Amino acid sequence: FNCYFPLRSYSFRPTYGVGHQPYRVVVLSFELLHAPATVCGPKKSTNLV
Amino acid sequence: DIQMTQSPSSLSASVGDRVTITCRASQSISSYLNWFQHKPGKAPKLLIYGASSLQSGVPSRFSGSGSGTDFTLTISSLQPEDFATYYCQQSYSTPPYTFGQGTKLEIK
Amino acid sequence: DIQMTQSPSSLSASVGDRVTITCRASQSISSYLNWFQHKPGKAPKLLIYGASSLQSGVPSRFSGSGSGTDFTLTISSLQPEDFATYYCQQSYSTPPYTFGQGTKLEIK
Amino acid sequence: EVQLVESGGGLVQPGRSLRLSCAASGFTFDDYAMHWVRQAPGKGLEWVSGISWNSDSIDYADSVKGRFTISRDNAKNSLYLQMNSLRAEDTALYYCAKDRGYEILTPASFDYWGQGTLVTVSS
Amino acid sequence: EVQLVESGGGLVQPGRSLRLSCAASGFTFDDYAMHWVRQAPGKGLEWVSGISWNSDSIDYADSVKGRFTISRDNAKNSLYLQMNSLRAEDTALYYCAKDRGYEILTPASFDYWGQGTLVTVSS
């Protein structure tokens, strides 16, 4: 008492609640700067005119 | 109707262990179960109302979880006054407030 | 405890027929059943994992269906290379990975 | 901190009737539902009966239908349980618990309990 | 495309002990769970034991509790299973399967399998 440890263990089971079920979450953060972009799309390239 | 089963009956641990108890239902009750602590020498007291809602005034050591047909209670600290009999009760099915069998807890 | 049965045991068909197999469970397992094919001359292999998820690398002829209590597997093409035994396994209940009886499949 | 004092316990012969009273003092009583529950000397807890905040919705256990009657007096903050046609299997310990809500058949469960009173039905 | 090679089979008398080895090379072994399962000569396949990616969670079949022991060496990418106190019904085929997950008790089932090795328990 007066001093709890923030760390706690999940109790995931195969048949918990639907919301209780664990979900994997990945957040992708994109930053665009004047520097040459190195992460481009699948669009091909042509010849300049 | 409904049938509640207690997989463990008597459990042994120490003052510095963590214990878990499970209660299984015949069919889904939609997380409507309650956990009661009954000291052999005084009036029984409620520990958990609802699936995972902690009653006021009791230590946060106890933790309830589970939904659907199975439910679980866990003690992380095992303070030396945690000797009692623990019951799981459903309040969703047509049989009103049917209780499961007892679950003895001993420390060793 | 869990008890599960194979309603069909031996089936006869042709090269251009459609066949179905059903797996029956004593209790609902939240569609956590898997289908295995065991060739008599080599090790068995998995085809359908989960309710209706097809494992990559196998032909799309095999189709899983059914959720909850009873489940079904279906073959629409019946290739001449489909001589093997089909099993249904639960991975839900406290008996760890129970496996069902064999289901012989042949064509004549 | 609420109080639940129960009386009327004792020993009677089979086929007789006895009377139980349960008085509460630690909370407002006009808006709470109450229940009577049973604990066998060698078995777990079992529900017996229940009454709402006012005597409109009333419930009894299936095994005790037509034999036991529950009453409630709000003015003196108490409830009562009349036991009629007692048998040898009603020698258990009876608790007088209070419901969290106001109705009888609700997902809400018993919040506070009181020390049980021991009854015996034998010669 | 992964490889699962097994050894240790043969003919033994009841009551003695032996060992079986299973090696995998077609994938990363340090983070996958393995299992040993049994095909009866005239009956369907039954599970025996399983180990996780790390030797922290262990389990055994009910009929073989306290009889068999499993081990796992991630350095050489292999696992081992020890037959102890064998009797008449342990003359079946044994497979070495790979779990799709990493724990021992998960809804994820076996993904790849390997050729079984035959054992005989008789005189």
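Residues numbered from 1 in each chain as written, not as in the entry; some residues may be left out. Chains lettered and ligands numbered in written order. Part of a larger assembly, values for the part shown. Heavy atoms only, no water. Residues with missing side-chain atoms left out of burial classes, pairs and counts.

- For this coordinate set, the PDB header names cryo-EM as the determination method and states a resolution of 3.7 Å.

- By the naming in the PDB entry, chain B is 510A5 light chain, taken from Homo sapiens.

- Per the PDB entry, the recorded name for chain A is Spike glycoprotein, and the organism is Severe acute respiratory syndrome coronavirus 2.

**Here we look at the overall build of chain A**
Here comes step 1: Helices and strands together make up the secondary structure of chain A, namely zero helices and zero strands.
Here comes step 2: With the C-alpha coordinates aligned to their principal axes, the bounding extent of chain A is approximately 75 × 35 × 10 Å. (Helix = DSSP H or I, 4+ residues; strand = E, 2+ residues; numbered from the N terminus.)

**Some points on the packing of aromatic side chains**
Here comes step 1: In this structure the tally under the stated criterion is 19 aromatic pairs over all chains.
Here comes step 2: Taking 5.5 Å as the distance between ring centres and 70° as the angle between the ring planes, the aromatic pair formed by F36 of chain C and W113 of chain E counts as edge-to-face. One end of the pair, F36 of chain C, is in strand β4 (residues 33-38); the other, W113 of chain E, is in the loop between β10 (110-112) and β11 (117-121), on a second chain.
Here comes step 3: For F36 of chain C, a relative accessible area of 6% gives the class buried.
Here comes step 4: Of the residues examined, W113 of chain E reaches a relative accessible area of 12% and is grouped as buried.
Here comes step 5: Put simply, the rings of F36, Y97 and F99 of chain B together with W47, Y95, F110 and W113 of chain D touch in pairs and so form one group of aromatic residues.
Here comes step 6: A cation sits over an aromatic face here: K98 of chain D above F27 of chain D, 4.9 Å from the ring centre. (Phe/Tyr/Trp six-rings, centres within 6.5 Å; stacked < 30°, edge-to-face > 60°. Buried < 20%, exposed > 50% of the residue type's maximum accessible area, 1.4 Å probe, protein only. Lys NZ or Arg CZ within 6 Å of the ring centre and 35° of its normal.)

**Quick look at the nonpolar core**
Here comes step 1: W36, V37, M83, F110 and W113 of chain E are the most contacted members of the largest nonpolar core, which has 38 residues in total.
Here comes step 2: Of all hydrophobic cores here, the second largest spans 27 residues; its members include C22, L79, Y94 and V119 of chain D. (Core = buried A, V, L, I, M, F, W, Y, C linked by side-chain atoms within 4.5 Å.)

**A look at the pairing of strand β7 (residues 62-65) of chain B**
All names here are of chain B.
Here comes step 1: Of the two faces of β7, the one holding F62 and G64 is buried and the one holding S63 and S65 is not buried anywhere.
Here comes step 2: As paired elements, β7 and strand β8 (residues 70-75) share four bridges and run antiparallel to each other. Of the residues in β8, the one forming a bridge with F62 is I75.
Here comes step 3: Where β7 folds back onto β8 in an antiparallel hairpin, the turn is made up of four residues, including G66, whose phi is positive at roughly 105°. (Pairing = 2+ DSSP bridges.)

**Points about the state of the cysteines**
Here comes step 1: Going through the model one piece at a time under the given rule, you end up with four disulfides over all chains.
Here comes step 2: Two residues share a disulfide in this structure: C23 of chain C and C88 of chain C, whose sulfurs sit 2.0 Å from each other. Here the disulfide of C23 of chain C and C88 of chain C is right-handed, its torsion about the S-S bond being about 70°. Of the two residues, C23 of chain C sits in strand β3 (residues 19-25) while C88 of chain C sits in strand β9 (residues 85-90), which places them 65 residues apart along the sequence.
Here comes step 3: On the basis of relative accessibility, which here comes to 1%, the residue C88 of chain C falls in the buried class.
Here comes step 4: The disulfide partner of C22 of chain D is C96 of chain D, and the S-S distance across this bridge is 2.0 Å. Between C22 of chain D and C96 of chain D the disulfide shows an S-S torsion of about -85°. By sign, it is left-handed. Of this pair, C22 of chain D sits in strand β3 (residues 18-24) while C96 of chain D sits in strand β9 (residues 93-99); the two residues are 74 residues apart in sequence, bridging distant segments of the chain. Here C22 of chain D matches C96 of chain D in class, with each residue buried. (Disulfide = S-S within 2.5 Å.)

**Some words on the interface of chain A and chain B**
Here comes step 1: Across the contact, six residues belong to chain A and six residues belong to chain B.
Here comes step 2: By residue class, the composition of the side of chain A that touches chain B is one nonpolar, four polar and one charged. (Contact = heavy atoms within 4.5 Å. Nonpolar A, V, L, I, M, F, W, Y, C, P; charged D, E, K, R; others polar.)

**A few points about the interface of chain E and chain C**
Interfaces are frequently sized by the accessible area removed from exposure as the parts join.
Here comes step 1: Taken together, the 22 residues of chain E in the interface contact 18 residues of chain C.
Here comes step 2: For the chain E and chain C pair, buried surface summed over both sides reaches about 1600 Å², with 60% attributable to carbon and sulfur atoms.
Here comes step 3: Counting across the chain E and chain C interface gives five residue pairs in polar contact.
Here comes step 4: Here the residues of the side of chain E that touches chain C sort into ten nonpolar, seven polar and five charged. (Buried area = accessible area lost by both parts, 1.4 Å probe. Polar contact = N/O pair within 3.5 Å; in protein donor to acceptor, adjacent residues only side chain to side chain.)

**Side note on the side chain of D82 of chain C**
All names here are of chain C.
Here comes step 1: Its location among the elements puts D82 in the loop between β8 (71-75) and β9.
Here comes step 2: Judged by relative accessible area, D82 falls into the buried class, the value being 4%.
Here comes step 3: Residues contacting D82, with those up to four places away along its chain left out, are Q37, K39, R61, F62, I75 and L105.

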